[PDB]
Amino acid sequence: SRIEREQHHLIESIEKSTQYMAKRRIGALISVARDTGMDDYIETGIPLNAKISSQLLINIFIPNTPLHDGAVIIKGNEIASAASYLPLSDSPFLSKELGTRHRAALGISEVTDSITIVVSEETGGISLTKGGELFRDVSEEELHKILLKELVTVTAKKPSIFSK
């Protein structure tokens, strides 16, 4: 496969699934691994090793289901695990009206270079964490630009399965 295609499909899959869940107030927590590995947190969840799709991301987070209680971790071109533990931030700067999903997303962002996306159970707002910072209630346009900048690392070049 071709990474550029993989990376844009990942972005689209996050955008479509979080849009779907935001409209319905479905809580979600999706962490995308980058240069810092998250293998230890993958091991805490239920292994999926699945192809990335918006449909599977949505089905995972349906409330009161086996896979919904925790984080999804995406590693390379797979949904690696669901219902994974992430470390909680102890920061007193995180607003008290945000839930544990936000605290978990902040916590993993403080110890990895991962990009984590949260859909709020209470408001449907979409938030993102990176490097110990929270980007709260981002618009669809803002989410798109952030994901483009952080998850697409290849410019326009010749497609090839050997790219890596």
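Residue positions are given as counts along the sequence shown, with the first one as 1. Note that the rigid core is defined as the largest set of C-alphas that superpose within 1.5 Å between two forms.
- Looking at 54 to 62 and 31 to 39, the one farther from the shown form in 7 other deposited structures of this protein by average CA distance, after a rigid core fit, turns out to be 31 to 39.
- When the two stretches 3 to 11 and 155 to 163 are set side by side, the higher mean Cα temperature factor goes to 155 to 163.
- Taking the PDB entry as given, 93 to 101 carries the higher mean Cα B factor of the two stretches 93 to 101 and 49 to 57.
- When the modelled residues of the chain are ordered by C-alpha B-factor, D40 sits in the lowest third.
- For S127, the recorded CA B-factor ranks within the lowest third of the chain. Only modelled residues enter the ranking.
- Among all modelled residues in its chain, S114 ranks in the middle third by Cα B-factor.
- Ranked by C-alpha B-factor against the other modelled residues of its chain, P63 falls in the highest third.
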